[PDB]
Amino acid sequence: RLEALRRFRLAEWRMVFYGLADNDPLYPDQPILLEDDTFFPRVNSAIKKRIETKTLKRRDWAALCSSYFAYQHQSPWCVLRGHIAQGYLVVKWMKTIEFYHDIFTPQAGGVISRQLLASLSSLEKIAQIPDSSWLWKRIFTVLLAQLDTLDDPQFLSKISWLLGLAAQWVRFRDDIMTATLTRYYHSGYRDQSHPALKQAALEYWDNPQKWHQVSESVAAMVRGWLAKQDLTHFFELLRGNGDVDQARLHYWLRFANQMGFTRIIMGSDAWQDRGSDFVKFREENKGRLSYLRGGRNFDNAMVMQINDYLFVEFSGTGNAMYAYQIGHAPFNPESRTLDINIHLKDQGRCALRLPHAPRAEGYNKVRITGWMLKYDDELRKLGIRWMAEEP
């Protein structure tokens, strides 16, 4: 195809077509078109010379498009972008760059991004854009920069598509996700569930307790569900042979906006539960769930991290909670197998022991009662307390 370059020195529509198209499958050793050593001045003149002609039907201009529409680097090199910016007037392939200059400035990515967000697919009739940072990046640096607008009864729906964009676009996966959660923060959904980002962000890279390399004011937003989901499931789904423990739930779900790390510990019968209910439970949060040894077949536990101390809670009604200092524990919280006595209930290695007595009645979110009233008093006298997030 690219043999037209030999006769391209002459300066009928398709005889010069492949003298300006994508380069250079025929000679891969040949560098980019405007860094060619032997054809740099030839194209700069021949393209210019054909412009002054009043009428043109040649396909070289559309061929000129492909070699710069699919141009990778983002220099906007713009000299031949200038000629094509004016060349399509005298040819009236005038539809080649109709919306390619939709913004008419070197900072491209105009309404071409608005078609997808509200093309990279329908524009292949003139030239294909699989990987060219001139259009590929600059069309997604706009549709992500416009997340700060558009109404939000369908923004949640648009994440599902926007998470879908992170599915095939491998490079934009670390750029869409980097800015999908940032807008999800400022929207007003600081503390409401969104498993799709929760799953997708965890899959794409590790959530500490790699995100810090986004900010730490936005990572903790969904961390409010790596904390809350570990609480809700533990006190409602992993209740063991007993009923739901509301008494331990409300007082502990209260302090969910400051929790940094959480980890559920399973039971013996839980892995003997062949039903998918615990299978998806073990699959939805893979890598955050662990096995339990040395305890009863229905025993359950948590590893809890707070601002100043590491906390352990158990599903057995009447078991005192064990507390460890942060970074000071006989067990690895990320270990897949743990023991109640060897690791969790090591009295010689634990710091604080407090039974859940006396029993509390009349519990409410703002009105506090019973043992957790004293539990609140011990913590309120020294620091963090109950504060509702900005409504």
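Along each chain, residues carry numbers from 1 upward in sequence order, and these need not match the entry's numbering; residues missing coordinates do not appear. To obtain the side-chain values, all non-hydrogen atoms of the structure were included, while hydrogens and water were left out.

The name recorded for the protein chain in the PDB entry is Zorya protein ZorC EH domain-containing protein, from Escherichia coli. For this structure, the PDB entry title reads "Zorya anti-bacteriophage defense system ZorC WT".

A. Looking closely at the nonpolar core. In these notes, a set of buried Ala, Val, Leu, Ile, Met, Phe, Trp, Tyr and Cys residues joined through side-chain atoms within 4.5 Å is what counts as a nonpolar core. Relative accessible area decides the class of each residue, using a 1.4 Å probe on protein chains only: under 20% of the type maximum gives buried, over 50% gives exposed, and in between gives partly exposed. Within the largest apolar cluster, 61 residues are counted, with the highest numbers of intra-cluster contacts made by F69, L135, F140 and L181. Per-domain counts for this core show at least three residues from each of domain 1 (4–140) and domain 2 (155–205). The contact criterion used throughout is that any non-hydrogen atoms of two residues lie within 4.5 Å. The residues contacting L135, other than those within four sequence positions of it, are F69, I112, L120, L123 and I129. Listed in part, the 29 residues of the second largest apolar core include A227, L231, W252 and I306. Note that the domain bounds reflect an automated or database-derived domain assignment.

B. Inspection of the pairing of strand 2 (residues 289–293) at higher detail. Within strand 2, four of the five residues are buried, which leaves it mostly tucked inside the rest of the structure. Strands qualify as paired when DSSP identifies two bridges or more between them. Runs of H or I in DSSP of at least four residues are treated as helices and runs of E of at least two as strands, each being numbered from the N terminus. Across three bridges, the pairing between strand 2 and strand 6 (residues 337–339) is parallel. The residue of strand 6 that forms the bridge with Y291 is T337.

C. View of the environment of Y291. You can see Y291 is positioned in strand 2. The sequence separation of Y291 and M266 amounts to 25 residues, and the corresponding C-alpha distance is 5.1 Å. What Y291 contacts, discounting residues up to four positions off in sequence, is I265, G267, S268, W271, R336, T337 and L338.

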